[PDB]
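Below: one structure, written as structure tokens.
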Amino acid sequence: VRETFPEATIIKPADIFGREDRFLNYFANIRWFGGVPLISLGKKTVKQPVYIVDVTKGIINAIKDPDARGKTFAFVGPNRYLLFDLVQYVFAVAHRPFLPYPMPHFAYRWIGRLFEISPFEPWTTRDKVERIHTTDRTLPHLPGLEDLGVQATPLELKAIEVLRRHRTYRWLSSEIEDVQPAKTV
Amino acid sequence: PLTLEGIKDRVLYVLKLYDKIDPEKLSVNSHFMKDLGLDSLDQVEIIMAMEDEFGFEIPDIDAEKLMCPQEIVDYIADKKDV
Amino acid sequence: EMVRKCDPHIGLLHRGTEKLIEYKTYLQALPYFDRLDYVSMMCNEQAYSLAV
Amino acid sequence: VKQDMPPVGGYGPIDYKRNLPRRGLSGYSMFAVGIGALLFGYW
Amino acid sequence: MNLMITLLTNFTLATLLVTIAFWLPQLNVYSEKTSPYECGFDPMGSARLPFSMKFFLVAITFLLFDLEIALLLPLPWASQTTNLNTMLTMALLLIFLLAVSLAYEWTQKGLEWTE
Amino acid sequence: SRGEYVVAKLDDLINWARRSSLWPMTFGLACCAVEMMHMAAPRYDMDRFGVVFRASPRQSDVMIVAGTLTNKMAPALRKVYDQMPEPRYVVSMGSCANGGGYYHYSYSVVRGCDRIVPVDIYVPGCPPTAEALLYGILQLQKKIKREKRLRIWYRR
Amino acid sequence: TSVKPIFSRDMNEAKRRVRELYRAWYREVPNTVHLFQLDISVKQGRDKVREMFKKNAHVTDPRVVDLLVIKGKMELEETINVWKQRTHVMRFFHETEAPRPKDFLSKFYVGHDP
Amino acid sequence: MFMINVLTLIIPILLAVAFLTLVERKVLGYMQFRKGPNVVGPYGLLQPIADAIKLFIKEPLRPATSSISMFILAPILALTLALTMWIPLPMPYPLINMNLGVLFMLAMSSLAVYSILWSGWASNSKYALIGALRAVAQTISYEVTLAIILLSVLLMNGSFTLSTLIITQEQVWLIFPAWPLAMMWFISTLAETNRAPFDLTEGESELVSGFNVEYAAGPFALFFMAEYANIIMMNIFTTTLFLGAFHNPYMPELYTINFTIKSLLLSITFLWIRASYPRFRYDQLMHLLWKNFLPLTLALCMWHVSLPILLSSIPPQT
Amino acid sequence: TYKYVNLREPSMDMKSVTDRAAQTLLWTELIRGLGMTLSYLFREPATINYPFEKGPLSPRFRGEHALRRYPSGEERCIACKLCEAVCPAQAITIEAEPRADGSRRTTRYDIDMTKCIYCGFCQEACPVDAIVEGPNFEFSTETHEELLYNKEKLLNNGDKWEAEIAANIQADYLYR
Ligand SMILES: CCCCCCCCCCCCCCCCCC(=O)OC[C@H](COP(=O)([O-])OCC[N+](C)(C)C)OC(=O)CCCCCCCCCCCCCCCCC
Ligand SMILES: CCCCCCCCCCCCCCCCCC(=O)OC[C@H](COP(=O)(O)OCCN)OC(=O)CCCCCCCCCCCCCCCCC
Ligand SMILES: C=C(C)[C@H]1Cc2c(ccc3c2O[C@@H]2COc4cc(OC)c(OC)cc4[C@@H]2C3=O)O1
Ligand code: SF4
Ligand code: SF4
Ligand code: SF4
């Protein structure tokens, strides 16, 4: 696309989360399978997710501004997270029993082929595994949300908005401040 | 609730939990409006924070006559035994 | 299931008939009366006709 | 002229009254039928 | 044996008309379609509040009249005995005690409802 | 192909089962509730088509917005529509539900129910006749008949 | 200029009723955030109640702030009882509007509005 | 071949229920000066297939506040107790020939309340809980005569076997010695089975749907064809109790046709009482089965206890 | 000139008291209701076979709008804007200019059918019978802007339905 349309604005979102995402709802749909298995305890990968209202404001402020011709933006969240305490923060906002266990690097793709045998929308695959366990690179030489006049919204304001659906009734209306914030890196 | 030392320390602690009061100029004889630089609404939520922690309700006539932490600890000393 | 207090909140169908009447002529103000008591249409037509 | 008018002799009279025609048996006859049903069943 | 096979088959295709009903359509669930129903607007409070029973003396006395048909029930068998007048007397005595109980609940404002 | 033929027959089957048993919900608002009742009357009779009322949103296929959508009952209509299971349809009945109608310029009318809910059939009138409302339901059936659910499912 | 009062004789009772109304809102806001299960915190709601009280903080007429206490108590009466909904509470929080440009050059750019 | 014996029972009383929905809609249509469904198939004979296929592909909608274990356990138990109450009914020979089949029917009539009851509790709503405790208020009303009328009608049968009851009524219908018990049992069965004038838990006017206002399709089909299975089973039960037909042991098909058409006429009687009557306030349900039906039920119980001793007509227990 | 509903003191002889006791115990009025319902069971119901049959109407009926024409091809709308001055919904937008032969004709005749109240002040205020509210009621849509009729769609309705609208006005113009 860069070599066939030279003024194309190419935008890099890291890991978008919303009400209809495949990132936080994905992390809240492994109370069905077992105890949310992770590669190498999920401690060797670092993420920074960005909220979809900020990415949409960035795309529209890229449409409006003629300073976006040929650029290459990089939309990232303001706070970086490890994967393990991210999943533990999701299961603490969702107020679920969290018991993690490491599934190894060679046998978790064999569970990844167990779900991609479906003609439906498959539940998970080894590609989603290789993307969750791919850490978010930091690109300082590329512009972001602050180079479009967009203030990035952090995760602790909108994870409750995403994850109020996945709660049981016994903690259905627990407040936003009734959870511990995760550990940024 | 027993002695004025612990009551005064609890007043100053509830005051320094409030993120607009500077703990540097906050004394027992510092003034809220013209010296700490607070609105009336700031003073009224200070009074309601004291009603939460101390656990008794102060009416409106004697929640405006509290213009320094000395007056707060004195009025709590009037509404208690000590 | 015994009834202690009934409080009917109304105005879920409030459309502002008698403000739209002030900005239209009399012949234009008639078809609001079809739509007030919409099972007593020509009655309200007759009442507004007797008023005018 | 040629206008919508009623006919010259008027219309027929229109009934507008209650007509609940009082059908059914008496009370004693219904209890007689019921007690006869019980006695035949018991025999 | 065969009764348990019949009951298990009934439970089987009473839950296999359920498991073919959940996984069959496309579940598109978002956080309003599973909200509680209070005829359009939002519900006031929870539904697990104390929901007061006005028909409570009738609901107690239903138990004491349902023990009666743990007592009155062997009468199609007690009619087969050779101590007949005592059976007749005790049967009419139990239905009479039920009737005295029902009339005492009648007259002393029991079968009416409170409030 | 052969699997394409199977999913085409299954599309015909399930779209037939969804169009020949439309369940509207008892949702009147204004004068069009009278004509919606007359579409349920003995003369025009929705239920000969397999079309019967169910008052709960959990057990209804279509919501006929019969009447005026004011500014005080926008969230009630939206939550009533959102509590309907998929597939759900909306037949916008009458002029106030279509585009505000006779109270379009007024302060307390949502100018068309398409602002609040997605609308599949627009039935124009003030009120549209119960025969024309029945024609709107039949055009909804002609919209459900040409759904292509499992064809697009197999071709994705 | 000799008119009939509503509740207050002068600004002392008027500030008393404004102050008691704000006391009521500060007591109430956690219940509002809880039962409407809003995605906001208690701090942002109390900031909004502060903004709504400082929006009208220039009145010197006792009857006008008497009616403002009356309208604030009607808002309180419809907030404590669940007569408002999630939308009616969140209409104070202008989340869906485009942010209105305040300076002169952007207002010059986007339209004819002074 | 007992498995095929069960599957020739329970699937046709999943088809009789399905086309009973068509009979209900069309009889309720012509009794209300309209037509029923006749566009779907030839004169409606493919309507219940459409209503069946439509619901099971509609989104199941587990509620976010509901107790999901009880919420799924309740319609399974509803359709289970709809199916398992056909087995002691003599058709003319029952599938399971119990010595005490009538108490089996009565105890499963007591148990089938809990599906409605747990469905109204577990579906965490206000209307559902109103419909659950009104089912409590309905069952404490009909169970205080559904046992004594059933007791007094089995003082002329001989035992609690439903196969004995055909031998009992060989001379005359048992409606002739017990028409007050028949006309009181019939209303006990209308209050038992949530048909109008005793809907009250499917009450579309006071509530929206009562207990199943939260049950979306999929599980709502298993209250649809549970409740109508209850009404066909209860018409056949009152048919065997009061209208037992001529049984020839060499030709069971004559009796099967005869009680089929009698139970069809009583099912049309259900759909025809639903087609004409207003609905009780749910205390007048309770002020009927306690203030009007229960004293006369005790009186007729005394009469049917003391009457075979008065006439030497004590039935055999064999 | 007035009557008392429900002021019937009942008879209290043993005959009528026994009759009402049998009416209570043996359910007489319930059998009366069952008899009336069974008597409407055995009729021909009034369900008409739509869409192969249609509902009865009259030539005054007010449905989908149309612009008519003279019997020489020239359109009737001489752009005089009474129909937007009387339209209670203000659903009609008219702009005009002198065309090539100098005749006063429209260039914009919009009728917003989702504003229109179908009351026919336009077809009775038009001094040349240009705008008429035709007999078409089966003109439902699937998209909202399809019900925003401009001049072209109204001329197409007029040319499409003129064989019916001209006969209805021919049958009705003596009552107006
Ligand atoms: C099983 C085969 C079919 C059975 C019959 C099927 C057809 C009949 C059903 C018709 C439709 C009913 C639909 C639901 C109706 C609900 C209302 C209802 O039932 O109300 C009950 C009504 C209630 O009456 P009520 O509520 O109007 O009572 C008046 C009360 N006050 C004054 C306070 C207002 O009637 C009964 O309860 C009657 C009970 C049964 C009567 C049996 C009488 C036996 C007589 C024996 C002889 C007596 C003579 C003296 C002694 C002689 C001794 C030898
Ligand atoms: C105990 C007794 C219980 C009885 C229960 C059932 C009662 C009703 C029985 C069915 C009554 C008739 C139903 C007819 C359905 C329509 C059949 C048909 O011809 O459909 C035409 C359609 C399109 O075909 P096309 O090639 O376009 O031809 C049109 C010509 N221009 O082609 C199609 O739609 C495809 C073919 C569909 C065939 C469907 C047949 C009916 C299925 C009903 C289920 C029950 C089966 C029978 C059970 C009893 C007998 C064993
Ligand atoms: C069930 C059938 C066959 C009929 C009856 C009926 C409907 C559809 C909708 C409704 C309805 O009746 C109820 C009660 O009566 C009115 C009367 C109304 O106005 C007189 C009114 O106006 C909004 C609304 C309503 C309800 C309403 O929404 O179809
Ligand atoms: S579109 Fe008009 S006639 Fe119809 S309900 Fe609305 S106000 Fe009444
Ligand atoms: S019928 Fe429609 S277009 Fe004509 S005047 Fe009335 S509202 Fe306006
Ligand atoms: S339609 Fe008739 S009234 Fe309207 S501008 Fe044209 S000629 Fe005049």
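Chains as they are written, first to last, in the working numbering: chain A, 12 to 196; chain B, 11 to 92; chain C, 135 to 186; chain D, 381 to 423; chain E, 2 to 116; chain F, 79 to 234; chain G, 26 to 139; chain H, 2 to 319; chain I, 4 to 179. Note that beta-carbon positions come from the ideal geometry of N, C-alpha and C, so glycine has one too.
Helix, strand or coil for residue i per DSSP?
{"i": "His83(G)", "result": "coil"}
{"i": "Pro101(I)", "result": "strand"}
{"i": "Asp115(I)", "result": "strand"}
{"i": "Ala69(I)", "result": "strand"}
{"i": "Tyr152(I)", "result": "strand"}
{"i": "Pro113(A)", "result": "strand"}
{"i": "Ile187(A)", "result": "coil"}
{"i": "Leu74(H)", "result": "helix"}
{"i": "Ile11(H)", "result": "helix"}
Kindly say whether residue i, judged by its beta-carbon, lies nearer than 9 Å to any beta-carbon of chain G.
{"i": "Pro37(E)", "result": "no"}
{"i": "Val24(B)", "result": "no"}
{"i": "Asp72(B)", "result": "no"}
Answer yes or no: does any C-beta atom of chain I fall closer than 9 Å to that of residue i?
{"i": "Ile199(F)", "result": "yes"}
{"i": "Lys158(C)", "result": "yes"}
Along chain H, in chain order, which residues have C-beta atoms closer than 7 Å to that of residue i?
{"i": "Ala417(D)", "result": "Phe177 and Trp180"}
{"i": "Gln109(E)", "result": "Going along chain H, no residue has its Cβ under 7 Å from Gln109(E), so there is no contact; the nearest lies around 14 Å."}
I'd like to know whether the C-beta of residue i is nearer than 9 Å to at least one C-beta of chain H.
{"i": "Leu174(A)", "result": "no"}
{"i": "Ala25(I)", "result": "no"}
So with CB distances below 9 Å, who are the chain H contacts of residue i?
{"i": "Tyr422(D)", "result": "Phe177, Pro178, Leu308, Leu312 and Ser314"}
{"i": "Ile92(F)", "result": "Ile54, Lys55 and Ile58"}
Using the beta-carbon of each residue, which ones in chain C are nearer than 7 Å to residue i?
{"i": "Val187(F)", "result": "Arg149"}
What does DSSP give as the partner residues of residue i in its beta bridges?
{"i": "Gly106(F)", "result": "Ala144(F)"}
{"i": "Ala85(A)", "result": "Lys23(A)"}
{"i": "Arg108(I)", "result": "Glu100(I)"}
{"i": "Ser170(F)", "result": "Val143(F) and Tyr200(F)"}
{"i": "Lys58(A)", "result": "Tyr92(A)"}
Would you please verify whether the beta carbon of residue i is less than 9 Å from any beta carbon of chain F?
{"i": "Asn195(H)", "result": "no"}
{"i": "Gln110(G)", "result": "yes"}
{"i": "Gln126(I)", "result": "no"}
{"i": "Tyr172(C)", "result": "yes"}
Against chain C, does residue i count as a neighbour if the rule is that its beta carbon must be under 9 Å from one of theirs?
{"i": "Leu107(F)", "result": "yes"}
Please list, in chain order, the chain G residues whose beta carbon lies closer than 9 Å to that of residue i.
{"i": "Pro153(F)", "result": "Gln110, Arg111, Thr112 and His113"}
Starting from residue i, find everything on chain G with Cβ-Cβ shorter than 8 Å and list it in chain order.
{"i": "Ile187(A)", "result": "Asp64, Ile65 and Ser66"}
Using a Cβ-Cβ cut-off of 9 Å, state whether residue i counts as contacting chain D.
{"i": "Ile34(I)", "result": "yes"}
For residue i, verify whether its CB is less than 8 Å away from any heavy atom of ligand 8.
{"i": "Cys83(I)", "result": "Inclusion of ligand 8 in the displayed structure is not the case, the ligand content consisting of ligand 1, ligand 2, ligand 3, ligand 4, ligand 5 and ligand 6 alone."}
Going by beta carbon distance, what residues of the same chain come within less than 7 Å of residue i, once the five residues before and after it are set aside?
{"i": "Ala79(A)", "result": "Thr20 and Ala73"}
Got a sec? Which residues, its chain only, sit under 8 Å from residue i by beta carbon, not counting five neighbours each side?
{"i": "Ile11(H)", "result": "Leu84 and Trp87"}
Mind pulling the chain H residues with CB within less than 8 Å of residue i?
{"i": "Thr40(I)", "result": "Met32, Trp273, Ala276 and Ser277"}
{"i": "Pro48(I)", "result": "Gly30, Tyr31, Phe34, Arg35 and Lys36"}
Note down, in chain order, every chain E residue with its Cβ under 8 Å from the Cβ of residue i.
{"i": "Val84(G)", "result": "None at all; the shortest Cβ gap to chain E is about 34 Å."}
{"i": "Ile11(H)", "result": "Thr10, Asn11 and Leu14"}
Just the chain J side, please: which residues come within less than 8 Å of residue i by C-beta, in chain order?
{"i": "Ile171(A)", "result": "You won't find chain J in this structure, because its protein chains are A, B, C, D, E, F, G, H and I."}
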